[PDB]
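Coordinates from protein29.cif are shown below (mmCIF, C-alpha atoms).
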data_coords
#
loop_
_atom_site.group_PDB
_atom_site.id
_atom_site.type_symbol
_atom_site.label_atom_id
_atom_site.label_comp_id
_atom_site.auth_asym_id
_atom_site.auth_seq_id
_atom_site.Cartn_x
_atom_site.Cartn_y
_atom_site.Cartn_z
ATOM 1 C CA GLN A 1 16.884 -16.205 -18.658
ATOM 2 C CA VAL A 2 14.440 -14.496 -21.112
ATOM 3 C CA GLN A 3 11.654 -16.983 -21.866
ATOM 4 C CA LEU A 4 8.588 -16.939 -24.147
ATOM 5 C CA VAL A 5 6.303 -19.872 -23.483
ATOM 6 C CA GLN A 6 3.502 -20.460 -26.025
ATOM 7 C CA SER A 7 0.274 -22.469 -25.682
ATOM 8 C CA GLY A 8 -0.341 -25.909 -27.311
ATOM 9 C CA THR A 9 -1.292 -27.101 -30.825
ATOM 10 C CA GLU A 10 -4.568 -25.880 -32.312
ATOM 11 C CA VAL A 11 -6.716 -28.152 -34.499
ATOM 12 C CA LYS A 12 -9.157 -26.003 -36.468
ATOM 13 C CA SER A 13 -11.822 -26.180 -39.144
ATOM 14 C CA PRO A 14 -11.979 -23.443 -41.882
ATOM 15 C CA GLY A 15 -13.999 -20.327 -40.992
ATOM 16 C CA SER A 16 -13.185 -20.699 -37.282
ATOM 17 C CA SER A 17 -10.917 -18.572 -35.085
ATOM 18 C CA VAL A 18 -7.751 -19.359 -33.067
ATOM 19 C CA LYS A 19 -6.256 -17.468 -30.089
ATOM 20 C CA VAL A 20 -2.586 -18.257 -29.211
ATOM 21 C CA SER A 21 -0.919 -17.140 -25.947
ATOM 22 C CA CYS A 22 2.752 -16.148 -25.355
ATOM 23 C CA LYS A 23 3.884 -15.994 -21.683
ATOM 24 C CA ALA A 24 7.030 -13.886 -21.192
ATOM 25 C CA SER A 25 9.497 -14.067 -18.265
ATOM 26 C CA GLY A 26 13.011 -12.939 -17.142
ATOM 27 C CA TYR A 27 12.615 -9.252 -18.205
ATOM 28 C CA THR A 28 10.419 -6.124 -17.804
ATOM 29 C CA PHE A 29 7.435 -6.816 -20.137
ATOM 30 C CA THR A 30 6.456 -3.107 -20.724
ATOM 31 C CA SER A 31 10.026 -2.223 -21.856
ATOM 32 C CA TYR A 32 9.619 -4.314 -25.100
ATOM 33 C CA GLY A 33 7.222 -5.384 -27.803
ATOM 34 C CA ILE A 34 5.889 -8.869 -28.703
ATOM 35 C CA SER A 35 5.504 -9.705 -32.412
ATOM 36 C CA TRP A 36 3.994 -12.710 -34.258
ATOM 37 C CA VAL A 37 5.635 -14.481 -37.226
ATOM 38 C CA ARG A 38 4.287 -17.665 -38.832
ATOM 39 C CA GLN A 39 6.233 -20.305 -40.801
ATOM 40 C CA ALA A 40 4.967 -22.888 -43.259
ATOM 41 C CA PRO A 41 6.638 -24.397 -46.408
ATOM 42 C CA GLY A 42 5.695 -22.446 -49.503
ATOM 43 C CA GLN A 43 5.294 -19.029 -47.808
ATOM 44 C CA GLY A 44 8.356 -19.358 -45.527
ATOM 45 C CA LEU A 45 8.623 -16.848 -42.617
ATOM 46 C CA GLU A 46 5.737 -14.311 -42.672
ATOM 47 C CA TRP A 47 5.199 -11.433 -40.270
ATOM 48 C CA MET A 48 1.615 -11.202 -38.778
ATOM 49 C CA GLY A 49 2.108 -8.026 -36.743
ATOM 50 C CA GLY A 50 3.089 -6.853 -33.284
ATOM 51 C CA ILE A 51 2.071 -4.915 -30.157
ATOM 52 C CA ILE A 52 4.076 -2.391 -28.094
ATOM 53 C CA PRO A 53 2.117 -2.936 -24.809
ATOM 54 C CA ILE A 54 3.282 0.217 -22.925
ATOM 55 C CA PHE A 55 1.860 2.310 -25.831
ATOM 56 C CA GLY A 56 -0.959 -0.202 -26.605
ATOM 57 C CA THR A 57 -0.009 0.241 -30.301
ATOM 58 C CA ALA A 58 -0.471 -2.663 -32.729
ATOM 59 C CA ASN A 59 0.599 -3.028 -36.390
ATOM 60 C CA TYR A 60 -0.506 -5.779 -38.770
ATOM 61 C CA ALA A 61 0.414 -7.014 -42.256
ATOM 62 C CA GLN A 62 -2.270 -5.614 -44.707
ATOM 63 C CA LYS A 63 -2.564 -9.158 -46.330
ATOM 64 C CA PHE A 64 -4.642 -10.308 -43.304
ATOM 65 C CA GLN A 65 -7.338 -7.564 -43.838
ATOM 66 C CA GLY A 66 -7.973 -7.056 -40.077
ATOM 67 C CA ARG A 67 -8.419 -10.857 -39.438
ATOM 68 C CA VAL A 68 -5.545 -10.730 -36.938
ATOM 69 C CA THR A 69 -5.835 -9.131 -33.451
ATOM 70 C CA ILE A 70 -2.818 -8.844 -31.170
ATOM 71 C CA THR A 71 -3.403 -7.994 -27.510
ATOM 72 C CA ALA A 72 -1.283 -7.959 -24.306
ATOM 73 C CA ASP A 73 -1.869 -8.240 -20.575
ATOM 74 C CA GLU A 74 0.938 -6.470 -18.677
ATOM 75 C CA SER A 75 -0.515 -7.764 -15.402
ATOM 76 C CA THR A 76 0.411 -11.328 -16.440
ATOM 77 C CA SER A 77 3.285 -10.586 -18.955
ATOM 78 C CA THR A 78 1.200 -12.370 -21.659
ATOM 79 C CA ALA A 79 0.586 -11.491 -25.325
ATOM 80 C CA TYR A 80 -2.036 -13.039 -27.605
ATOM 81 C CA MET A 81 -2.635 -13.414 -31.297
ATOM 82 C CA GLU A 82 -6.128 -14.059 -32.572
ATOM 83 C CA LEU A 83 -6.628 -15.046 -36.231
ATOM 84 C CA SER A 84 -10.254 -15.028 -37.574
ATOM 85 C CA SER A 85 -12.014 -16.682 -40.597
ATOM 86 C CA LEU A 86 -9.323 -19.417 -40.802
ATOM 87 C CA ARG A 87 -8.304 -20.732 -44.257
ATOM 88 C CA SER A 88 -6.421 -23.926 -45.316
ATOM 89 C CA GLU A 89 -3.396 -21.682 -46.130
ATOM 90 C CA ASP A 90 -3.273 -20.405 -42.465
ATOM 91 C CA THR A 91 -1.889 -23.870 -41.494
ATOM 92 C CA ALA A 92 1.598 -22.992 -40.105
ATOM 93 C CA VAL A 93 3.813 -22.783 -37.005
ATOM 94 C CA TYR A 94 3.071 -19.455 -35.219
ATOM 95 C CA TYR A 95 5.853 -17.843 -33.181
ATOM 96 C CA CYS A 96 5.752 -15.048 -30.735
ATOM 97 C CA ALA A 97 9.000 -13.054 -30.429
ATOM 98 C CA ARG A 98 10.358 -10.178 -28.376
ATOM 99 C CA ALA A 99 11.014 -6.928 -30.363
ATOM 100 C CA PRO A 100 13.703 -5.169 -28.201
ATOM 101 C CA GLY A 101 12.444 -1.702 -29.208
ATOM 102 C CA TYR A 102 9.727 0.982 -28.996
ATOM 103 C CA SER A 103 8.216 0.133 -32.435
ATOM 104 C CA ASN A 104 6.615 -2.847 -34.225
ATOM 105 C CA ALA A 105 9.087 -2.190 -37.184
ATOM 106 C CA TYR A 106 11.979 -4.149 -35.689
ATOM 107 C CA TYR A 107 14.073 -7.358 -35.431
ATOM 108 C CA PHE A 108 13.377 -10.081 -32.821
ATOM 109 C CA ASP A 109 15.991 -11.091 -30.245
ATOM 110 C CA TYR A 110 14.053 -13.871 -28.423
ATOM 111 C CA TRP A 111 11.545 -16.275 -30.005
ATOM 112 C CA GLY A 112 8.953 -18.640 -28.469
ATOM 113 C CA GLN A 113 8.923 -22.433 -29.120
ATOM 114 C CA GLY A 114 6.100 -22.040 -31.673
ATOM 115 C CA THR A 115 2.481 -23.225 -31.839
ATOM 116 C CA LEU A 116 1.233 -25.501 -34.630
ATOM 117 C CA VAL A 117 -2.105 -24.305 -35.989
ATOM 118 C CA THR A 118 -3.727 -26.788 -38.332
ATOM 119 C CA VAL A 119 -6.602 -25.786 -40.614
ATOM 120 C CA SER A 120 -8.900 -28.291 -42.576
ATOM 121 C CA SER A 138 4.521 -3.369 -53.593
ATOM 122 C CA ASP A 139 6.272 -4.757 -50.419
ATOM 123 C CA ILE A 140 10.070 -4.955 -49.940
ATOM 124 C CA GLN A 141 11.093 -8.281 -51.524
ATOM 125 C CA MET A 142 14.095 -10.043 -49.841
ATOM 126 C CA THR A 143 15.988 -12.447 -52.114
ATOM 127 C CA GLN A 144 18.565 -14.855 -50.545
ATOM 128 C CA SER A 145 21.392 -16.553 -52.407
ATOM 129 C CA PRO A 146 22.380 -19.394 -52.470
ATOM 130 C CA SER A 147 19.325 -21.300 -51.407
ATOM 131 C CA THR A 148 21.366 -24.281 -50.479
ATOM 132 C CA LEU A 149 25.037 -24.462 -49.871
ATOM 133 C CA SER A 150 27.291 -27.402 -49.095
ATOM 134 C CA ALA A 151 30.486 -26.715 -47.163
ATOM 135 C CA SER A 152 33.133 -28.388 -44.942
ATOM 136 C CA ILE A 153 34.198 -27.657 -41.310
ATOM 137 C CA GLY A 154 36.759 -24.776 -41.281
ATOM 138 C CA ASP A 155 35.532 -23.117 -44.528
ATOM 139 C CA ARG A 156 34.580 -19.423 -44.943
ATOM 140 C CA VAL A 157 30.992 -19.123 -46.066
ATOM 141 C CA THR A 158 29.240 -16.019 -47.353
ATOM 142 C CA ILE A 159 25.397 -15.701 -47.778
ATOM 143 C CA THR A 160 23.633 -12.890 -49.703
ATOM 144 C CA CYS A 161 20.384 -11.106 -49.161
ATOM 145 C CA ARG A 162 19.114 -8.448 -51.597
ATOM 146 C CA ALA A 163 16.269 -5.996 -50.901
ATOM 147 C CA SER A 164 13.972 -4.774 -53.789
ATOM 148 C CA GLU A 165 14.621 -1.180 -52.503
ATOM 149 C CA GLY A 166 17.078 0.648 -50.195
ATOM 150 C CA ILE A 167 16.696 -0.306 -46.479
ATOM 151 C CA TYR A 168 19.806 1.559 -45.197
ATOM 152 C CA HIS A 169 21.208 -0.740 -42.464
ATOM 153 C CA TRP A 170 17.760 -2.013 -41.219
ATOM 154 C CA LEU A 171 18.534 -5.706 -41.749
ATOM 155 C CA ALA A 172 18.763 -8.714 -39.385
ATOM 156 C CA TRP A 173 20.083 -12.305 -39.792
ATOM 157 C CA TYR A 174 18.676 -15.458 -38.093
ATOM 158 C CA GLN A 175 19.814 -19.035 -37.685
ATOM 159 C CA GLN A 176 17.171 -21.814 -37.575
ATOM 160 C CA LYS A 177 17.817 -25.496 -36.636
ATOM 161 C CA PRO A 178 15.111 -28.015 -37.776
ATOM 162 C CA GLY A 179 11.839 -27.630 -35.827
ATOM 163 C CA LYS A 180 13.351 -25.003 -33.473
ATOM 164 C CA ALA A 181 12.748 -21.340 -32.942
ATOM 165 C CA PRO A 182 14.959 -18.911 -34.947
ATOM 166 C CA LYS A 183 17.951 -17.338 -33.179
ATOM 167 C CA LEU A 184 19.081 -13.731 -33.814
ATOM 168 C CA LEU A 185 22.705 -13.530 -35.054
ATOM 169 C CA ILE A 186 23.017 -9.975 -36.465
ATOM 170 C CA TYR A 187 20.971 -6.694 -36.334
ATOM 171 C CA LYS A 188 21.546 -3.223 -37.852
ATOM 172 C CA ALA A 189 23.270 -5.113 -40.787
ATOM 173 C CA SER A 190 26.563 -5.602 -38.839
ATOM 174 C CA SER A 191 25.900 -5.596 -35.037
ATOM 175 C CA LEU A 192 26.464 -8.973 -33.306
ATOM 176 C CA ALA A 193 23.547 -10.179 -31.191
ATOM 177 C CA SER A 194 24.074 -11.004 -27.510
ATOM 178 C CA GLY A 195 25.271 -14.596 -27.226
ATOM 179 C CA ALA A 196 25.895 -15.073 -30.982
ATOM 180 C CA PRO A 197 29.295 -16.610 -31.941
ATOM 181 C CA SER A 198 31.994 -14.027 -32.970
ATOM 182 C CA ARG A 199 32.727 -16.057 -36.171
ATOM 183 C CA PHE A 200 29.471 -14.544 -37.561
ATOM 184 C CA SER A 201 29.712 -11.154 -39.237
ATOM 185 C CA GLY A 202 27.331 -9.005 -41.203
ATOM 186 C CA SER A 203 28.056 -6.413 -43.870
ATOM 187 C CA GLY A 204 26.092 -4.184 -46.256
ATOM 188 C CA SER A 205 24.098 -0.980 -46.534
ATOM 189 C CA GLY A 206 21.287 -0.099 -48.930
ATOM 190 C CA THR A 207 20.161 -2.986 -51.030
ATOM 191 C CA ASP A 208 22.944 -5.729 -50.926
ATOM 192 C CA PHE A 209 23.796 -7.594 -47.685
ATOM 193 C CA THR A 210 26.023 -10.478 -46.685
ATOM 194 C CA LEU A 211 26.462 -12.783 -43.691
ATOM 195 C CA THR A 212 29.899 -14.383 -43.378
ATOM 196 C CA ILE A 213 30.901 -17.328 -41.162
ATOM 197 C CA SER A 214 34.625 -17.594 -40.602
ATOM 198 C CA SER A 215 35.741 -21.167 -39.859
ATOM 199 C CA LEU A 216 32.501 -23.105 -40.213
ATOM 200 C CA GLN A 217 31.890 -25.146 -37.020
ATOM 201 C CA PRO A 218 29.715 -28.345 -36.878
ATOM 202 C CA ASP A 219 26.994 -26.362 -34.975
ATOM 203 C CA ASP A 220 26.658 -23.917 -37.972
ATOM 204 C CA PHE A 221 24.770 -26.378 -40.242
ATOM 205 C CA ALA A 222 21.315 -24.732 -40.203
ATOM 206 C CA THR A 223 18.965 -22.505 -42.296
ATOM 207 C CA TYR A 224 19.802 -18.784 -42.357
ATOM 208 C CA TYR A 225 17.274 -15.962 -42.984
ATOM 209 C CA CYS A 226 17.528 -12.197 -43.516
ATOM 210 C CA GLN A 227 14.769 -9.711 -42.534
ATOM 211 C CA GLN A 228 14.265 -6.017 -43.285
ATOM 212 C CA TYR A 229 12.738 -3.729 -40.605
ATOM 213 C CA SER A 230 12.970 -0.493 -42.647
ATOM 214 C CA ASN A 231 9.189 -0.305 -43.189
ATOM 215 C CA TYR A 232 5.923 -2.299 -43.025
ATOM 216 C CA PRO A 233 5.213 -5.067 -43.864
ATOM 217 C CA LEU A 234 8.333 -6.638 -42.266
ATOM 218 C CA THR A 235 9.667 -9.132 -44.806
ATOM 219 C CA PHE A 236 12.081 -12.103 -44.772
ATOM 220 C CA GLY A 237 14.279 -13.854 -47.354
ATOM 221 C CA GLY A 238 13.508 -17.390 -48.520
ATOM 222 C CA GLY A 239 16.426 -18.815 -46.538
ATOM 223 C CA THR A 240 19.856 -20.409 -47.166
ATOM 224 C CA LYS A 241 20.205 -24.059 -46.021
ATOM 225 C CA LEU A 242 23.844 -24.724 -45.144
ATOM 226 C CA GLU A 243 24.736 -28.463 -45.507
ATOM 227 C CA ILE A 244 27.859 -30.638 -44.824
ATOM 228 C CA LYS A 245 30.264 -31.825 -47.644
#

Could you write out this structure as structure tokens?
Amino acid sequence: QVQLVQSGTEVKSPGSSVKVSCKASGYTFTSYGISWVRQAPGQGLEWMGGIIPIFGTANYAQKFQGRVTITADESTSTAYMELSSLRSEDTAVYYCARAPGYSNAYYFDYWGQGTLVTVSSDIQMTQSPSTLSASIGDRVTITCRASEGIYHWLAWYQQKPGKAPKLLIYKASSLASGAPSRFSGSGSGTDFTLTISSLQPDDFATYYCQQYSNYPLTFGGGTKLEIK
């Protein structure tokens, strides 16, 4: 009964600013963090930053050069993301997500529905294959490779078209609450794999890996799993 309800679509002109809200319910707000991740074709999933409200500590991706401000109101269980001097390339779907930890360097167990915002050195994560066709009942294995050692600080997500990502695996091999047991994660260091035993019809989706070893938090390009 954890919910993250985001505000509506934002239609913007370049140079302007946008403030997005994320209303949380069903849990103790101060016990967790709220992060922001945007998604657009071409850049894929990109981390903006996060806030740990109880500590009032915020971390942002350096790329944004201070243009992003993340705040939180514990009185109303609401987090905000403000993005200044808007560019054409900031056009994306912006998600808020719960970081079930005490740090902004984490994985996200619950995601909001997303907010469309229209305008007008790091650890590289490489996923393979990019697309995969398979049949119901098959064993499928997906790879993720980090440009440097990340120990076991890797998470896997499932994303259905136009929906919020869903956490499947964290700590490289731990199964997320409510994720099907046919999903398993393996790896340590630089090479990781997600395996689905007995592919079900509900498993056709896009799969992403994410490191949370250090900042900036980075994601793979995704593996689209298709039928036949």

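Each of A:186, A:11, A:105, A:2 was compared to residue 28 in chain A using all atoms listed in the file, and A:2 turns out to be the nearest.
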
Would you give me, as CSV, each residue of range 90-151 of chain A having an atom within 8 Å of an atom of range 40-50 of chain A, along with its shortest atom pair and that distance in Å to one decimal, using all atoms listed in the file and sorting by chain and residue number?
residue,atom,partner,partner_atom,distance
A:91,CA,A:40,CA,7.1
A:92,CA,A:40,CA,4.6
A:93,CA,A:40,CA,6.4
A:104,CA,A:50,CA,5.4

*asked:* Nearest residue to residue 74 in chain A out of A:87, A:98, A:156, A:23, using all atoms listed in the file?
replied: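 Closest to residue 74 in chain A of all the choices is A:23.
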
Using the file's own x, y and z axes, so that the box edges lie along x, y and z, what centre and edge lengths in Å (one decimal) does a box around every listed atom of range 152-161 of chain A get when 6 Å is added on each side? Give it as JSON.
{"center_x": 28.6, "center_y": -19.7, "center_z": -45.5, "size_x": 28.4, "size_y": 29.3, "size_z": 20.4}

*Expanded to explicit residues, what is the PyMOL selection byres ((chain A and resi 71) around 7) for this file, as a ChimeraX atom specification?*
/A:51,69-70,72,79-81

For this structure, which residues satisfy the selection - the PyMOL selection byres ((chain A and resi 222-236) around 7) - when it is evaluated on the file as given? I want them as a PDB file with C-alpha atoms, keeping the file's coordinate frame.
ATOM      1  CA  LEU A  45       8.623 -16.848 -42.617  1.00  0.00           C
ATOM      2  CA  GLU A  46       5.737 -14.311 -42.672  1.00  0.00           C
ATOM      3  CA  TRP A  47       5.199 -11.433 -40.270  1.00  0.00           C
ATOM      4  CA  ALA A  61       0.414  -7.014 -42.256  1.00  0.00           C
ATOM      5  CA  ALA A 105       9.087  -2.190 -37.184  1.00  0.00           C
ATOM      6  CA  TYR A 106      11.979  -4.149 -35.689  1.00  0.00           C
ATOM      7  CA  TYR A 107      14.073  -7.358 -35.431  1.00  0.00           C
ATOM      8  CA  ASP A 139       6.272  -4.757 -50.419  1.00  0.00           C
ATOM      9  CA  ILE A 140      10.070  -4.955 -49.940  1.00  0.00           C
ATOM     10  CA  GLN A 141      11.093  -8.281 -51.524  1.00  0.00           C
ATOM     11  CA  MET A 142      14.095 -10.043 -49.841  1.00  0.00           C
ATOM     12  CA  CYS A 161      20.384 -11.106 -49.161  1.00  0.00           C
ATOM     13  CA  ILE A 167      16.696  -0.306 -46.479  1.00  0.00           C
ATOM     14  CA  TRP A 170      17.760  -2.013 -41.219  1.00  0.00           C
ATOM     15  CA  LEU A 171      18.534  -5.706 -41.749  1.00  0.00           C
ATOM     16  CA  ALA A 172      18.763  -8.714 -39.385  1.00  0.00           C
ATOM     17  CA  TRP A 173      20.083 -12.305 -39.792  1.00  0.00           C
ATOM     18  CA  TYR A 174      18.676 -15.458 -38.093  1.00  0.00           C
ATOM     19  CA  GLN A 175      19.814 -19.035 -37.685  1.00  0.00           C
ATOM     20  CA  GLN A 176      17.171 -21.814 -37.575  1.00  0.00           C
ATOM     21  CA  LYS A 177      17.817 -25.496 -36.636  1.00  0.00           C
ATOM     22  CA  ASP A 220      26.658 -23.917 -37.972  1.00  0.00           C
ATOM     23  CA  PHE A 221      24.770 -26.378 -40.242  1.00  0.00           C
ATOM     24  CA  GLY A 237      14.279 -13.854 -47.354  1.00  0.00           C
ATOM     25  CA  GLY A 238      13.508 -17.390 -48.520  1.00  0.00           C
ATOM     26  CA  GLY A 239      16.426 -18.815 -46.538  1.00  0.00           C
ATOM     27  CA  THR A 240      19.856 -20.409 -47.166  1.00  0.00           C
ATOM     28  CA  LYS A 241      20.205 -24.059 -46.021  1.00  0.00           C
ATOM     29  CA  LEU A 242      23.844 -24.724 -45.144  1.00  0.00           C
TER      30      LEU A 242
END

*What separation in Å, quoted to one decimal, exists between CA of residue 198 in chain A and CA of residue 216 in chain A?*
11.6 Å

Would you kindly place N, CA, C and O atoms on range 73-94 of chain A and return the model as a JSON list (two decimals), keeping the file's coordinate frame?
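Heads up, here's the output in rebuild-v5.json:
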[["chain", "number", "residue", "atom", "x", "y", "z"],
["A", 73, "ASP", "N", -1.47, -8.46, -21.96],
["A", 73, "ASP", "CA", -1.87, -8.24, -20.58],
["A", 73, "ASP", "C", -0.60, -8.03, -19.79],
["A", 73, "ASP", "O", 0.12, -9.01, -19.51],
["A", 74, "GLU", "N", -0.29, -6.77, -19.43],
["A", 74, "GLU", "CA", 0.94, -6.47, -18.68],
["A", 74, "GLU", "C", 0.89, -7.05, -17.27],
["A", 74, "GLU", "O", 1.93, -7.43, -16.73],
["A", 75, "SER", "N", -0.31, -7.19, -16.72],
["A", 75, "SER", "CA", -0.52, -7.76, -15.40],
["A", 75, "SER", "C", 0.00, -9.23, -15.32],
["A", 75, "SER", "O", 0.45, -9.69, -14.26],
["A", 76, "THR", "N", -0.03, -9.94, -16.45],
["A", 76, "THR", "CA", 0.41, -11.33, -16.44],
["A", 76, "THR", "C", 1.56, -11.58, -17.43],
["A", 76, "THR", "O", 1.87, -12.73, -17.70],
["A", 77, "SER", "N", 2.18, -10.51, -17.98],
["A", 77, "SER", "CA", 3.28, -10.59, -18.95],
["A", 77, "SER", "C", 2.94, -11.54, -20.11],
["A", 77, "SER", "O", 3.78, -12.34, -20.54],
["A", 78, "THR", "N", 1.70, -11.47, -20.62],
["A", 78, "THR", "CA", 1.20, -12.37, -21.66],
["A", 78, "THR", "C", 0.63, -11.64, -22.85],
["A", 78, "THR", "O", -0.23, -10.77, -22.68],
["A", 79, "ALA", "N", 1.10, -12.02, -24.07],
["A", 79, "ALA", "CA", 0.59, -11.49, -25.32],
["A", 79, "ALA", "C", -0.22, -12.58, -26.03],
["A", 79, "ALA", "O", 0.04, -13.78, -25.85],
["A", 80, "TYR", "N", -1.16, -12.15, -26.87],
["A", 80, "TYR", "CA", -2.04, -13.04, -27.60],
["A", 80, "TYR", "C", -2.11, -12.63, -29.04],
["A", 80, "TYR", "O", -2.01, -11.46, -29.38],
["A", 81, "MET", "N", -2.35, -13.62, -29.89],
["A", 81, "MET", "CA", -2.64, -13.41, -31.30],
["A", 81, "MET", "C", -3.91, -14.17, -31.57],
["A", 81, "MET", "O", -4.00, -15.37, -31.28],
["A", 82, "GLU", "N", -4.89, -13.47, -32.14],
["A", 82, "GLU", "CA", -6.13, -14.06, -32.57],
["A", 82, "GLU", "C", -6.24, -13.93, -34.09],
["A", 82, "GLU", "O", -6.06, -12.85, -34.62],
["A", 83, "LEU", "N", -6.48, -15.04, -34.78],
["A", 83, "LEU", "CA", -6.63, -15.05, -36.23],
["A", 83, "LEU", "C", -7.99, -15.65, -36.56],
["A", 83, "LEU", "O", -8.28, -16.78, -36.16],
["A", 84, "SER", "N", -8.84, -14.81, -37.18],
["A", 84, "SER", "CA", -10.25, -15.03, -37.57],
["A", 84, "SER", "C", -10.42, -15.52, -39.00],
["A", 84, "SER", "O", -9.49, -15.35, -39.81],
["A", 85, "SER", "N", -11.62, -16.13, -39.30],
["A", 85, "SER", "CA", -12.01, -16.68, -40.60],
["A", 85, "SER", "C", -10.84, -17.51, -41.17],
["A", 85, "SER", "O", -10.25, -17.14, -42.19],
["A", 86, "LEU", "N", -10.46, -18.55, -40.45],
["A", 86, "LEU", "CA", -9.32, -19.42, -40.80],
["A", 86, "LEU", "C", -9.47, -20.13, -42.13],
["A", 86, "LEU", "O", -10.53, -20.65, -42.44],
["A", 87, "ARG", "N", -8.41, -20.12, -42.92],
["A", 87, "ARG", "CA", -8.30, -20.73, -44.26],
["A", 87, "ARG", "C", -7.27, -21.87, -44.21],
["A", 87, "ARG", "O", -6.39, -21.87, -43.33],
["A", 88, "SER", "N", -7.35, -22.79, -45.17],
["A", 88, "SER", "CA", -6.42, -23.93, -45.32],
["A", 88, "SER", "C", -4.96, -23.45, -45.29],
["A", 88, "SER", "O", -4.13, -24.06, -44.63],
["A", 89, "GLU", "N", -4.69, -22.34, -45.98],
["A", 89, "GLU", "CA", -3.40, -21.68, -46.13],
["A", 89, "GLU", "C", -2.88, -21.02, -44.84],
["A", 89, "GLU", "O", -1.72, -20.62, -44.81],
["A", 90, "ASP", "N", -3.71, -20.94, -43.76],
["A", 90, "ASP", "CA", -3.27, -20.40, -42.46],
["A", 90, "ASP", "C", -2.59, -21.51, -41.63],
["A", 90, "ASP", "O", -2.10, -21.23, -40.54],
["A", 91, "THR", "N", -2.57, -22.76, -42.14],
["A", 91, "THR", "CA", -1.89, -23.87, -41.49],
["A", 91, "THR", "C", -0.39, -23.51, -41.48],
["A", 91, "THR", "O", 0.20, -23.31, -42.55],
["A", 92, "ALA", "N", 0.21, -23.42, -40.30],
["A", 92, "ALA", "CA", 1.60, -22.99, -40.10],
["A", 92, "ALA", "C", 1.96, -23.16, -38.65],
["A", 92, "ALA", "O", 1.08, -23.42, -37.82],
["A", 93, "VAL", "N", 3.26, -22.92, -38.34],
["A", 93, "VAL", "CA", 3.81, -22.78, -37.01],
["A", 93, "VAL", "C", 3.81, -21.27, -36.71],
["A", 93, "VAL", "O", 4.34, -20.50, -37.50],
["A", 94, "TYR", "N", 3.17, -20.86, -35.61],
["A", 94, "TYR", "CA", 3.07, -19.45, -35.22],
["A", 94, "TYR", "C", 3.99, -19.21, -34.07],
["A", 94, "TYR", "O", 3.88, -19.88, -33.04]]
